[PDB]
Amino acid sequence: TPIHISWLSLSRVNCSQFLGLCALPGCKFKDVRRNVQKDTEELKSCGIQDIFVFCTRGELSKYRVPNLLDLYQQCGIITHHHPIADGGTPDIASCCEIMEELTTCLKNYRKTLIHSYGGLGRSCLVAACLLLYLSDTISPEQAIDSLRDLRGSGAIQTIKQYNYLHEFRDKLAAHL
């Protein structure tokens, strides 16, 4: 099979663009045997221009895709690797850099895709953060609902992540 991308509409934050989310491309784990090169080519063939990866180095090793980043760039895709702990959250400085690189991809009209291990939690956390980021009217609860509607009730994984969403605005406000 291909690799499925779940496209998030950003119209709720006044944006014509869509943001793509997915699970680990080329992942090879129990019962899951993907072809990292075919997947890459597929994404490339789809028009993907920029890809954000939140999987750590260890994971890329575990799931036998250590040169994931390599392959993406070999295919002409700009790769944004910002490791976030499985079940964890990004510090404010890193999450801030992610928001900025994402916003730029959109303002440039770049077909953008983001992924974690299972595209459910770390990825939804960043996606939901981007909604709060681009809108000052949407609630954490609402941003969570939008991703829940896209990824399922398991959109956000841990209460640590829920906790980050609530107050992400305040933590981000903390700007010296």
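Counting begins at 1, following the sequence as shown.
- Here 60-68 and 103-111 are compared by their mean Cα B-factor, and 60-68 comes out higher.
- Mean CA temperature factor is higher for 149-157 when stretches 10-18 and 149-157 are set side by side in the entry.
- Between the residues 48, 144, 138, 120, it is 138 that shows the highest Cα B-factor in the PDB record.
- For residue 116, the recorded CA B-factor ranks within the lowest third of the chain. Only modelled residues enter the ranking.
- Among all modelled residues in its chain, residue 43 ranks in the middle third by Cα B-factor.
- Annotation for residue 74: CA B-factor lies in the middle third of the chain's modelled residues.
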